[PDB]
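J.: Sharing a structure below in structure tokens format, with a few things to ask.
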Protein chains: 2
Amino acid sequence: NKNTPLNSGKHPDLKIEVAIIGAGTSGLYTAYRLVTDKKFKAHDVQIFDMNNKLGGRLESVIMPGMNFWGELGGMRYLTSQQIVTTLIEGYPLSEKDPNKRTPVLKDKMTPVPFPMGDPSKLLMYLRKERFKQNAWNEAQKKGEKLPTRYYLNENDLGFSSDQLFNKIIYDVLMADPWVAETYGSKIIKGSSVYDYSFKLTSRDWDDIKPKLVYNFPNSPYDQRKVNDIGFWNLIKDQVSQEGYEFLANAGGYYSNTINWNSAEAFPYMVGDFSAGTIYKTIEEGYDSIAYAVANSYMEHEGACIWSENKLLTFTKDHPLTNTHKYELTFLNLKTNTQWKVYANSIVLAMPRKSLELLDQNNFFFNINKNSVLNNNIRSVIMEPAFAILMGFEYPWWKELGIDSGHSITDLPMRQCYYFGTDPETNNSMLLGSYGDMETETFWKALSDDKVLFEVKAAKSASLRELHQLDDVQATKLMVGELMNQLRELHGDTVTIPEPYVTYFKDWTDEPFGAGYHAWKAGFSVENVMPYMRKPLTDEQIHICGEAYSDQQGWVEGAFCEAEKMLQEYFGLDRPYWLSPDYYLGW
Amino acid sequence: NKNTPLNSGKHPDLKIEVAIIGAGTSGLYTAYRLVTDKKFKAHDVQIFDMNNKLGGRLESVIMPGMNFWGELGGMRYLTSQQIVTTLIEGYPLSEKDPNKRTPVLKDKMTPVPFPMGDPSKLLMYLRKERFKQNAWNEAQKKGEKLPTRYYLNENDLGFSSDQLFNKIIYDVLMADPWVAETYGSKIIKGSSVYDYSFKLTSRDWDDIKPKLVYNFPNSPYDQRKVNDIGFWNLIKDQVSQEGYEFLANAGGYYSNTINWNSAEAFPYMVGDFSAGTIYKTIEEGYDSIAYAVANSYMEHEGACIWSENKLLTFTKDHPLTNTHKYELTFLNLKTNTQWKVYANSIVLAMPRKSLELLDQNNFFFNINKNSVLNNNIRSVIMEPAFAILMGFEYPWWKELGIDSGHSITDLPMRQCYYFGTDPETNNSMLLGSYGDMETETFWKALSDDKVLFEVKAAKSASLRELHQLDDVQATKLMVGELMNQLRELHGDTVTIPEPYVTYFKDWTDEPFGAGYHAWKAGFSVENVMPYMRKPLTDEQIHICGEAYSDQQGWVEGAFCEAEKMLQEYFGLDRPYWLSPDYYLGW
Ligand SMILES: Cc1cc2nc3c(=O)[nH]c(=O)nc-3n(C[C@H](O)[C@H](O)[C@H](O)COP(=O)(O)OP(=O)(O)OC[C@H]3O[C@@H](n4cnc5c(N)ncnc54)[C@H](O)[C@@H]3O)c2cc1C
Ligand SMILES: Cc1cc2nc3c(=O)[nH]c(=O)nc-3n(C[C@H](O)[C@H](O)[C@H](O)COP(=O)(O)OP(=O)(O)OC[C@H]3O[C@@H](n4cnc5c(N)ncnc54)[C@H](O)[C@@H]3O)c2cc1C
Ligand SMILES: NC(=[NH2+])NCCC[C@H](N)C(=O)O
């Protein structure tokens with residue numbers, strides 16, 4: 001299923017209609033929709049990627065001794081994300097029996113719940129105090145306010161990060177009298193001082209985000225749109241810098257407390273409501289969604305993914321202006337030779353860093369001409385991520401009654417996910433994932449070191465099998481220091497043995513430069529998104545993907561931006577399998 | 001004296017020997033030494049800068065109502081920095097009667113001691129606890145260990161940041177048996193648990209830094225060169241993450257605690273031993289040293305600083321290869337037109353960001369040829385800095401008995417300097433913050449906002465005078481939030497009135513991309529420095545300046561790298577006025 005053919009060759013002066021650059025989720029989805037709806041024959045729609053793999057930031061791996069998929073990138077989806085959920089599960093989403101679902105893609109994909117674990121057993125390790133994640137709720141059940149080594153404002157004492165986040169967003173929303181009046185029925189103060197909940201929909205958030213005013217009379221930010229305030233600016237203002245320190249650390253990496261757009265951060269933090277929805281993954285690896293869309297595209301005659309082929313530049317000044325608006329110059333990495341593709345539409349299905357790495361002197365990127373394009377490319381923050389998969393001969397975490405889920409710390413490692421145990425071998429997988437709150441610089445000095453971790457034999461994992469992964473091992477300095485932090489996080493009551501295998505991915509590396517993106521304060525997001533899907537009025541050049549999506553951090557963001565671009569400029573209707581009530585904006 | 005002529009015009013096909021690109025301290029010093037020692041006629045040595053002023057990261061300003069110089073960039077020097085000190089004060093430095101000193105530069109420069117303030121009155125505000133900076137010493141005088149809201153290891157309890165830093169460096173030095181044996185006499189444990197001191201010289205540090213081994217058998221970093229360990233990596237290892245949090249926040253700007261080269265950080269923290277030396281500035285503004293060096297150069301007929309002229313690219317492939325190795329293409333910013341200069345030597349007197357903004361496709365930078373150059377350009381961290389100068393109608397800080405010096409906080413502002421009061425007007429100047437790497441994103445969302453602070457009339461400061469500075473005002477959001485943090489830092493015992501004028505510079509802006517630079521762990525600094533002063537053996541192309549100096553953060557670093565380059569490639573001797581015992585390395 002994951003052996004989708006990739007062509008590392010070239011075809012000098014190939015003449016097509018639509019060049020898609022990026023074999024990530026948005027680029028694959030674009031090519032799949034175009035050929036499946038028969039807008040073009042598959043030989044006129046071609047995908048190019050510089051990688052030796054399709055999928056981009058989805059990359060599922062199997063490590064010797066562990067007969068289940070680890071994730072280097074994307075792990076999971078939410079069933080409220082209708083494009084990715086329908087593509088995985090079939091339709092309609094109402095149908096609760098998976099056997100009565102109608103598949104959209106042929107590839108077998110087994111949806112399984114994402115294990116979230118037990119707050120009673122999962123750890124929070126902050127300023128050297130070891131808590132269970134439920135510690136705040138247990139105190140509140142006994143009429144107590146849990147003390148921490150953070151000096152919160154007095155009115156926040158005993159709040160958890162979840163509860164305090166909810167109270168902040170509630171307070172900011174309800175202080176805007178227009179929001180209070182129009183949406184108060186969906187912004188809910190429960191009975192307990194700690195209980196705040198939201199029933200605001202995607203549609204509601206789209207009405208709110210551009211209008212919401214910060215109404216706090218002696219704040220520095222008073223009477224400004226929440227859109228124009230950084231989320232760290234806004235959190236400090238509401239709960240003091242000690243409050244920000246608490247939320248930034250206790251939130252974890254899945255929680256986004258960088259100084260990004262506060263209007264956009266609000267829905268990110270409290271969800272687009274329909275709370276029958278849960279986190280799931282794919283038994284065969286989350287990258288299966290990319291392989292399934294790619295294979296659906298590749299089953300049409302003339303379909304081709306050109307791998308190890310890097311776009312350098314593109315021009316309107318070429319010999320074939322009579323048949324083709326654009327000449328694209330690709331670098332065939334295997335031969336180090338340049339070749340030309342001729343096309344009438346270009347889809348840049350790639351993030352901010354990838355755009356910046358293209359020739360900035362051509363007609364499209366030239367900053368002397370297209371100052372608006374360049375400003376809007378710079379409208380999103382490139383948030384670093386690293387993934388380190390570690391294989392142990394046994395699940396040492398079970399000694400603490402931990403099955404699954406995430407432990408969270410202010411230590412530089414930030415967070416570990418206890419991924420699974422192979423019931424035959426007992427070999428067990430931990431994910432370390434980090435990058436936020438300055439931890440990139442801590443880890444970069446260690447991951448840049450030249451001396452690699454050496455693989456070690458375990459059950460069903462021979463040196464010959466493991467030596468195939470020599471190249472993708474973490475550094476010994478990074479493994480040693482992470483092991484040190486895991487011992488401090490879990491405490492002295494559990495012995496943590498050395499791992500036998502690791503897998504390391506740095507998503508800051510070119511061409512990605514980021515794990516995910518975040519809208520900056522002070523940009524009109526509702527206007528930048530349509531702009532990015534077709535920057536120049538007289539050019540059939542489109543940007544799509546997660547980076548300029550309004551579901552940043554998510555495959556659904558990449559799919560939604562591609563889908564909007566398809567319906568706007570490629571004359572496609574909503575897919576039959578996609579509910580018309582799934583909101584995609586203007 | 002600061003009206004040094006700048007030529008914003010062009011001279012198509014100008015034919016010279018030495019093109020210096022960067023009218024910063026190093027570029028000015030290069031041009032001054034070359035023409036003063038008559039290595040070249042002044043018409044054959046030309047300086048080019050894209051700015052509309054000389055000085056680079058030295059920029060002194062006067063604000064209406066305040067009849068003294070504020071500093072946007074460099075502020076002060078140490079009398080152990082012999083090039084900058086001799087240039088300012090005259091020679092020799094042994095002569096302690098200033099009337100028996102022989103001036104080196106004619107421009108009037110009045111050295112005045114840098115006011116350091118009173119640790120009894122200066123504030124430290126950490127995790128919401130307000131201390132006087134002397135609090136740790138006062139506790140130690142009463143036999144006590146000052147408690148803080150940081151959970152230090154038990155062996156560090158009651159230590160100040162200074163004392164704990166000294167202990168860390170002592171412990172690491174003395175654990176290397178070769179360092180213990182060879183240099184133990186200069187690495188001194190005093191009687192009190194808190195007392196550690198060093199008599200290691202510039203020369204001693206140059207022997208030590210490349211050899212020093214981290215000898216800690218339980219550490220992840222054991223048996224690695226201290227050179228190969230990030231300073232945050234090393235500090236956490238020695239005093240725990242809570243210890244790093246204490247040092248990073250309590251240190252201030254005086255401390256560099258980013259994850260940079262530990263071998264280089266050691267002397268940065270504990271000095272090149274040479275006590276009796278103090279901090280000074282120049283009454284006429286610290287940028288006076290730049291104007292003095294520039295004017296000495298510009299006294300020669302044919303000398304020219306080409307301002308508002310930006311180097312784009314340079315090539316060996318041009319019509320005049322018989323007389324001139326290199327053709328330089330400059331962009332004349334006033335006309336947006338390109339012009340050519342022909343030269344046999346190129347001096348890039350510019351930081352990392354400036355080099356990266358040049359054409360990366362030419363013979364020199366092209367990564368297909370010179371991957372080694374590119375790796376060495378990336379050997380230093382670009383540390384962000386900004387400057388916000390604020391003018392108040394009175395020195396509100398005097399209510400707390402504060403004359404001068406720095407308050408330090410874990411609030412995002414990090415540090416403020418109480419600068420001066422105009423005794424006629426009483427209008428008084430704060431340097432609000434430089435921000436830093438951690439806090440760049442907190443402040444950037446506010447400084448990028450479009451609504452600028454509105455100037456307000458004060459004594460000897462009319463609206464018409466102030467409206468000339470409309471362009472360089474901080475944003476309302478940045479001024480309001482900094483004022484909020486100043487109120488929290490100082491407490492409710494002082495009322496802080498609104499400022500009437502501000503001055504904002506962001507040193508992350510192109511072409512600087514940094515306030516200062518920091519060597520990365522894992523680079524052989526002793527080998528990169530000589531490499532950068534002449535990267536290619538067959539080319540008369542040189543890099544000098546602070547960025548690849550071993551006195552990063554300092555004018556002295558820029559002067560020393562220019563001086564070494566001059567003695568190595570341009571046939572100059574040490575200047576007559578520079579003591580032969582001033583160590584300048586290999
Ligand atoms: C650590 C991590 C965790 C994540 N977790 C989740 C999660 O749990 N759930 C989820 O739904 N999402 C998650 N995501 C996000 C998800 O992986 C991405 O949003 C999505 O995969 C991005 O799709 P895209 O189309 O933007 O392209 P990308 O995946 O960014 O792919 C872009 C492609 O363009 C190629 N390219 C760039 N420049 C060129 C060039 N010049 N020539 C040729 N090819 C070029 C690249 O090689 C790449 O294949 C996560 C991301 C990361 C990093
Ligand atoms: C906030 C702050 C505080 C500081 N405090 C002190 C202090 O108290 N004492 C001290 O001694 N040092 C201090 N420093 C450092 C000191 O200011 C610098 O180390 C020093 O001025 C750097 O000089 P340089 O020769 O490296 O060049 P720079 O100052 O970096 O000048 C480089 C020049 O190159 C030009 N340039 C770049 N690219 C091009 C191009 N393509 N074409 C043409 N021109 C180009 C730029 O316009 C610029 O003028 C401070 C720095 C900052 C930011
Ligand atoms: N390693 C560095 N460059 N540190 C920057 C510190 C600030 C600089 N020394 C100054 O005097 O303001």
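Chain lettering (A, B, ...) mirrors the order of the structure tokens, residue numbering begins at 1 for each chain separately, and ligand numbering begins at 1 in order of display.
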Mind checking which residues fall within 9 Å of region 135-152 of chain A, counting only C-alpha atoms, ignoring those fewer than 5 positions away in the same chain, and posting them as a PDB file with C-alpha atoms, in the first residue's frame?
T.:
```pdb
ATOM      1  CA  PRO A 119      -4.798  11.780  34.375  1.00  0.00           C
ATOM      2  CA  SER A 120      -4.357   9.852  37.730  1.00  0.00           C
ATOM      3  CA  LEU A 126       6.960  21.800  37.205  1.00  0.00           C
ATOM      4  CA  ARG A 127       9.613  23.791  39.168  1.00  0.00           C
ATOM      5  CA  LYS A 128      10.790  20.385  40.632  1.00  0.00           C
ATOM      6  CA  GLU A 129       7.263  19.517  42.062  1.00  0.00           C
ATOM      7  CA  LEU A 157      -5.329  30.164  42.934  1.00  0.00           C
ATOM      8  CA  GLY A 158      -6.023  26.377  42.642  1.00  0.00           C
ATOM      9  CA  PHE A 159      -6.937  26.554  38.854  1.00  0.00           C
ATOM     10  CA  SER A 160      -5.503  23.900  36.445  1.00  0.00           C
ATOM     11  CA  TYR A 194     -13.520  26.420  37.966  1.00  0.00           C
ATOM     12  CA  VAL A 239      -3.117  36.243  34.753  1.00  0.00           C
ATOM     13  CA  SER A 240       0.335  37.970  35.185  1.00  0.00           C
ATOM     14  CA  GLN A 241       3.720  36.706  33.907  1.00  0.00           C
ATOM     15  CA  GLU A 242       3.724  33.973  36.629  1.00  0.00           C
ATOM     16  CA  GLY A 243       0.323  32.929  35.166  1.00  0.00           C
ATOM     17  CA  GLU A 245       4.807  30.739  32.962  1.00  0.00           C
ATOM     18  CA  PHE A 246       2.275  28.239  34.459  1.00  0.00           C
TER      19      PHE A 246
ATOM     20  CA  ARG B 127       8.783  35.163  40.335  1.00  0.00           C
ATOM     21  CA  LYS B 128       6.959  38.234  41.855  1.00  0.00           C
ATOM     22  CA  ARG B 149      11.182  31.229  44.675  1.00  0.00           C
ATOM     23  CA  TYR B 150      13.722  29.100  42.685  1.00  0.00           C
ATOM     24  CA  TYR B 151      14.223  25.499  43.940  1.00  0.00           C
TER      25      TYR B 151
END
```
J.: Taking only C-alpha atoms and all ligand atoms into account, list the residues no farther than 10 Å from ligand 3, as a PyMOL selection string.
T.: chain B and resi 73-78+252-258+260-261+264-265+268-269+380-385+434+436+514-519+546-547+549-555+557
J.: I need the residue nearest chain B from this list: A:13, A:317, A:272, A:438. Use only C-alpha atoms for the distance.
T.: A:438
J.: Find the residue from B:509, B:181, B:448, B:176 that sits nearest to ligand 2; use only C-alpha atoms and all ligand atoms when measuring.
T.: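 Among the listed residues, B:509 lies closest to ligand 2.
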J.: Give me the residues within 9 Å of residue 525 (chain A) as a ChimeraX atom specification, counting only C-alpha atoms and dropping any in the same chain fewer than 4 places off.
T.: /A:210,227,264,379,519-520,529-530,548,550
J.: Could you please select, counting only C-alpha atoms, the residues of chain A within 6 Å of chain B and state them as a VMD selection string?
T.: chain A and resid 220 230 259 441 to 442 445 477 480 to 481
J.: Could you save those same residues with C-alpha atoms as a PDB file, in the first residue's frame?
T.:
```pdb
ATOM      1  CA  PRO A 220      -2.136  48.531  27.598  1.00  0.00           C
ATOM      2  CA  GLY A 230      -0.136  38.371  20.823  1.00  0.00           C
ATOM      3  CA  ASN A 259       3.022  35.103  20.997  1.00  0.00           C
ATOM      4  CA  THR A 441      18.373  26.004  21.206  1.00  0.00           C
ATOM      5  CA  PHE A 442      18.847  23.568  24.216  1.00  0.00           C
ATOM      6  CA  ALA A 445      23.615  21.929  20.196  1.00  0.00           C
ATOM      7  CA  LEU A 477      24.532  13.577  23.695  1.00  0.00           C
ATOM      8  CA  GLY A 480      22.017  10.661  27.198  1.00  0.00           C
ATOM      9  CA  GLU A 481      20.541  14.081  28.228  1.00  0.00           C
TER      10      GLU A 481
END
```
J.: Pick out the closest residue to ligand 1 from this set: A:175, A:343, A:84, A:263. Count only C-alpha atoms and all ligand atoms.
T.: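 The closest residue to ligand 1 is A:84.
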J.: Taking the DSSP secondary structure from the backbone, can you list the residues of region 358-459 of chain B that are alpha helix (DSSP H), as a PDB file with N, CA and C atoms, in the first residue's frame?
T.:
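File written: part_8.pdb
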```pdb
ATOM      1  N   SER B 371      31.083  25.210   0.462  1.00  0.00           N
ATOM      2  CA  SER B 371      30.283  24.666   1.587  1.00  0.00           C
ATOM      3  C   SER B 371      30.991  24.973   2.916  1.00  0.00           C
ATOM      4  N   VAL B 372      32.326  25.048   2.912  1.00  0.00           N
ATOM      5  CA  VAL B 372      33.179  25.299   4.113  1.00  0.00           C
ATOM      6  C   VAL B 372      32.908  26.727   4.620  1.00  0.00           C
ATOM      7  N   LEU B 373      32.902  27.690   3.701  1.00  0.00           N
ATOM      8  CA  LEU B 373      32.619  29.103   4.022  1.00  0.00           C
ATOM      9  C   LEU B 373      31.227  29.194   4.661  1.00  0.00           C
ATOM     10  N   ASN B 374      30.231  28.570   4.034  1.00  0.00           N
ATOM     11  CA  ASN B 374      28.811  28.596   4.478  1.00  0.00           C
ATOM     12  C   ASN B 374      28.687  28.006   5.887  1.00  0.00           C
ATOM     13  N   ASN B 375      29.352  26.882   6.170  1.00  0.00           N
ATOM     14  CA  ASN B 375      29.359  26.236   7.507  1.00  0.00           C
ATOM     15  C   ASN B 375      29.950  27.212   8.533  1.00  0.00           C
ATOM     16  N   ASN B 376      30.999  27.952   8.164  1.00  0.00           N
ATOM     17  CA  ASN B 376      31.717  28.850   9.112  1.00  0.00           C
ATOM     18  C   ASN B 376      30.919  30.143   9.327  1.00  0.00           C
ATOM     19  N   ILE B 377      30.212  30.613   8.298  1.00  0.00           N
ATOM     20  CA  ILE B 377      29.268  31.770   8.424  1.00  0.00           C
ATOM     21  C   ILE B 377      28.206  31.408   9.466  1.00  0.00           C
ATOM     22  N   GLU B 440      11.951  38.116  22.474  1.00  0.00           N
ATOM     23  CA  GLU B 440      11.857  38.734  21.132  1.00  0.00           C
ATOM     24  C   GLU B 440      10.404  38.674  20.640  1.00  0.00           C
ATOM     25  N   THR B 441       9.770  37.502  20.699  1.00  0.00           N
ATOM     26  CA  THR B 441       8.389  37.294  20.193  1.00  0.00           C
ATOM     27  C   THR B 441       7.365  38.087  21.027  1.00  0.00           C
ATOM     28  N   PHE B 442       7.515  38.159  22.363  1.00  0.00           N
ATOM     29  CA  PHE B 442       6.648  38.979  23.263  1.00  0.00           C
ATOM     30  C   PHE B 442       6.585  40.414  22.727  1.00  0.00           C
ATOM     31  N   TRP B 443       7.754  41.008  22.431  1.00  0.00           N
ATOM     32  CA  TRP B 443       7.907  42.439  22.072  1.00  0.00           C
ATOM     33  C   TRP B 443       7.654  42.663  20.579  1.00  0.00           C
ATOM     34  N   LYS B 444       8.011  41.721  19.710  1.00  0.00           N
ATOM     35  CA  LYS B 444       7.908  41.926  18.229  1.00  0.00           C
ATOM     36  C   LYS B 444       6.446  42.145  17.808  1.00  0.00           C
ATOM     37  N   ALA B 445       5.492  41.389  18.356  1.00  0.00           N
ATOM     38  CA  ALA B 445       4.045  41.568  18.047  1.00  0.00           C
ATOM     39  C   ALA B 445       3.623  42.980  18.439  1.00  0.00           C
ATOM     40  N   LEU B 446       4.254  43.582  19.443  1.00  0.00           N
ATOM     41  CA  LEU B 446       3.863  44.938  19.906  1.00  0.00           C
ATOM     42  C   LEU B 446       4.586  45.981  19.042  1.00  0.00           C
ATOM     43  N   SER B 447       5.868  45.784  18.745  1.00  0.00           N
ATOM     44  CA  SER B 447       6.680  46.757  17.974  1.00  0.00           C
ATOM     45  C   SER B 447       6.282  46.756  16.486  1.00  0.00           C
TER      46      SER B 447
END
```
J.: With all C-alpha atoms paired in order, what RMSD does the least-squares fit of chain B onto chain A leave?
T.: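 Between these identical-sequence chains, the C-alpha RMSD is 0.5 Å.
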J.: I'd like the neighbourhood of residue 336 (chain B) as number ranges by chain, where a residue qualifies if any of its atoms comes within 12 Å (using only C-alpha atoms), though same-chain residues fewer than 6 positions away should be ignored.
T.: A: 368; B: 8-10, 50, 308-310, 330
J.: Go ahead and dump the residues you just picked, N, CA, C and O atoms, as a compact mmCIF listing (two decimals), in the first residue's frame.
T.:
```txt
# COMPACT_ATOMS: atom_id res chain seq x y z
N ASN A 368 10.54 43.74 -5.04
CA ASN A 368 10.47 45.11 -5.63
C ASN A 368 9.12 45.32 -6.33
O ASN A 368 8.70 46.48 -6.47
N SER B 8 25.85 59.92 -1.09
CA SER B 8 24.70 59.07 -1.51
C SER B 8 24.61 59.00 -3.04
O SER B 8 23.70 58.29 -3.53
N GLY B 9 25.54 59.64 -3.76
CA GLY B 9 25.65 59.52 -5.23
C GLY B 9 26.34 58.23 -5.64
O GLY B 9 26.46 57.29 -4.82
N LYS B 10 26.78 58.18 -6.89
CA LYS B 10 27.55 57.05 -7.45
C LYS B 10 28.67 57.58 -8.34
O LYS B 10 28.64 58.77 -8.64
N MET B 50 25.01 50.83 3.11
CA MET B 50 23.59 50.96 2.69
C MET B 50 22.84 51.92 3.62
O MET B 50 21.76 52.39 3.21
N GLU B 308 24.07 55.03 1.54
CA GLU B 308 22.85 54.64 0.79
C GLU B 308 23.28 53.92 -0.49
O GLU B 308 22.64 54.10 -1.56
N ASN B 309 24.32 53.09 -0.37
CA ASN B 309 24.87 52.30 -1.49
C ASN B 309 25.07 50.89 -0.98
O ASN B 309 25.89 50.70 -0.06
N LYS B 310 24.32 49.95 -1.53
CA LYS B 310 24.19 48.58 -0.99
C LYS B 310 24.93 47.63 -1.93
O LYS B 310 24.56 47.59 -3.12
N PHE B 330 26.93 47.65 -6.95
CA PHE B 330 26.24 48.37 -5.86
C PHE B 330 24.87 48.84 -6.34
O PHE B 330 24.73 49.16 -7.55
```
J.: Write out as a PyMOL selection string each polymer residue whose atoms come within 10 Å of residue 72 (chain B), counting only C-alpha atoms; drop sequence neighbours fewer than 2 positions from it.
T.: chain B and resi 57-61+69-70+74-75+286-287+386-389+431+434+503-507
J.: May I have the residues within 8 Å of residue 296 (chain A) as a list in words, using only C-alpha atoms and disregarding those fewer than 6 positions away in the same chain?
T.: residues 32, 105 and 106 of chain A
J.: For region 563-569 of chain A, work out the shell of residues within 9 Å, counting only C-alpha atoms and skipping chain neighbours fewer than 3 positions away, then give it as a ChimeraX atom specification.
T.: /A:26,29-30,33-34,530,533-534,540,542-544,558-560,572-574,584-586
J.: I'd like to know which of B:281, B:274, B:262, B:370 is closest to ligand 2, using only C-alpha atoms and all ligand atoms.
T.: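 Checking each of B:281, B:274, B:262, B:370 against ligand 2, counting only C-alpha atoms and all ligand atoms, the winner is B:281.
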J.: So, counting only C-alpha atoms and all ligand atoms, which residue among B:191, B:238, B:508, B:426 is closest to ligand 2?
T.: B:508
J.: From a DSSP calculation on the backbone, collect every residue of region 307-385 of chain B in strand (DSSP E) and output the set as a compact mmCIF listing (two decimals) with C-alpha atoms, in the first residue's frame.
T.:
```
# COMPACT_ATOMS: atom_id res chain seq x y z
CA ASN B 309 24.87 52.30 -1.49
CA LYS B 310 24.19 48.58 -0.99
CA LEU B 311 26.53 45.82 -2.19
CA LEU B 312 24.50 43.25 -4.19
CA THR B 313 27.16 40.91 -5.70
CA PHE B 314 30.75 40.68 -6.96
CA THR B 315 32.47 38.57 -9.74
CA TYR B 326 36.89 42.01 -8.77
CA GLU B 327 33.83 43.84 -10.13
CA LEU B 328 31.39 44.89 -7.37
CA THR B 329 27.72 45.74 -8.27
CA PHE B 330 26.24 48.37 -5.86
CA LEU B 331 22.58 49.50 -5.68
CA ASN B 332 22.37 53.31 -5.36
CA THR B 337 20.15 52.10 -10.16
CA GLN B 338 23.07 49.58 -10.26
CA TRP B 339 26.73 50.75 -10.71
CA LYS B 340 30.10 48.93 -10.83
CA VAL B 341 33.25 49.36 -8.72
CA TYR B 342 36.54 47.62 -9.72
CA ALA B 343 38.91 46.56 -6.87
CA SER B 345 40.74 43.62 -2.32
CA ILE B 346 37.23 43.31 -0.73
CA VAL B 347 36.73 43.80 3.06
CA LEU B 348 33.26 42.64 4.24
CA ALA B 349 33.15 44.57 7.56
CA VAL B 380 27.70 32.14 15.39
CA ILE B 381 24.21 32.75 16.90
CA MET B 382 22.42 36.01 15.89
CA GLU B 383 21.21 37.36 19.31
```
J.: Could you state the separation of atom 46 (C, counted along the ligand's line) of ligand 1 and CA of residue 414 (chain A) in Å, given to one decimal place?
T.: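 Calculated distance between atom 46 (C, counted along the ligand's line) of ligand 1 and CA of residue 414 (chain A) is 27.0 Å.
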J.: Which of these residues is nearest to residue 52 (chain A), using only C-alpha atoms: A:174, A:333, A:526, A:203?
T.: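 Of A:174, A:333, A:526, A:203, the one nearest residue 52 (chain A), counting only C-alpha atoms, is A:333.
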